[PDB]
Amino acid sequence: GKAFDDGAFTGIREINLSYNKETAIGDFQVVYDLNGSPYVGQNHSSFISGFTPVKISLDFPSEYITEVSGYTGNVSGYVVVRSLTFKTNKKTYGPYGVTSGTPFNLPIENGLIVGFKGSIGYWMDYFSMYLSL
C-alpha cells in the first residue's frame, strides 16, 4: 500500500474515514489543529472504491479523543485494519467497519493524539499515532 505520515500537530479537529461493512477501512483524512487554525491533512485514499464515508467532527478543543480501538484481520490474504472506534471525553464514534479479527485498544490516561501515519493500499494496512502532552 502507499505509506503516509501526517506528522505532529497541536490537536485534532475532524476525522474523515471510509469503510465497507464486508472488508475494512478505506480512505483516511484528518483535519488537524495547527496553533488555533485548522490544517487540512492530505487525503490518503484507498486504491479502490465502494466505501461508505464517515465524518467525525470534534468540538475542538473541548472535545478530544481519549481512546482509539479497532480490529486487525485478514482480507484477501492481507492483514489490514478492519475496523476503528474513536472514543472522546464527550461521545463514542464507531465502530466503523467489521469487528472481527484481533482487537487492539489504546486508552489514554494523560496526553493527546496529535498525528497519524500508516499505509493504505486497497485497505488501511496499518497505522500509528503521535502522542504528546
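Quick note: we count residues from 1 along the sequence shown, nothing fancier.
When the modelled residues of the chain are ordered by C-alpha B-factor, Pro103 sits in the middle third. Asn20 sits in the highest third of its chain by CA B factor, as recorded in the PDB entry. Among the modelled residues of its chain, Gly41 has a C-alpha B-factor that falls in the middle third according to the deposited record. Among the modelled residues of its chain, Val81 has a C-alpha B-factor that falls in the lowest third, as given in the PDB entry. In the deposited entry, the Cα temperature factor of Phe51 sits in the top third of values across the chain's modelled residues.
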